[PDB]
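Okay, structure first, notes after.
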Amino acid sequence: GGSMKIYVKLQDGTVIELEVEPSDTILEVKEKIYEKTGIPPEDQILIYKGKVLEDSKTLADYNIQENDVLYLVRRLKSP
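The numbering of the sequence shown is my numbering, which starts it at 1196 and goes up by one.
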C-alpha cells in the first residue's frame, strides 16, 4: 500500500529505520518509534524540514517519502 522506509535521527546521533506507508499518521509513526525504543509517543517531538509535525496529519500530508530523515527530540514529562 505504498510501503516504504523512513529514517529517524535521535539526539545521540543514531538513526533508526521504520517501515511505514503514506497514510500513516504522525501519531502512528510515534507508536512505531515507541515499539523500537520504549519512548512514549507523548514524550516524542518529531521534526521534518525544520518544523514540528502534528500527530493527526499523515506522512503523505507532509510529502514524507522513501529515505527521508525525520528528527526526534525526547521530552522528560511527568506521566
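Yeah, the Cβ is synthetic: ideal placement off N, Cα and C, and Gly gets one too.
Rounded to the nearest angstrom, the gap between the Cα atoms of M1199 and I1259 is 10 Å. With a 10 Å radius around the Cβ and a threshold of 16 neighbouring Cβ atoms, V1264 comes out exposed. When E1237, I1211, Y1229, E1216 are compared, the shortest CA-CA separation from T1253 is found for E1216. In terms of Cα proximity to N1262, the closest of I1211, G1196, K1231, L1205 is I1211.
Residue nearest to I1201 within the set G1233, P1236, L1241 is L1241 (criterion: CA-CA distance).
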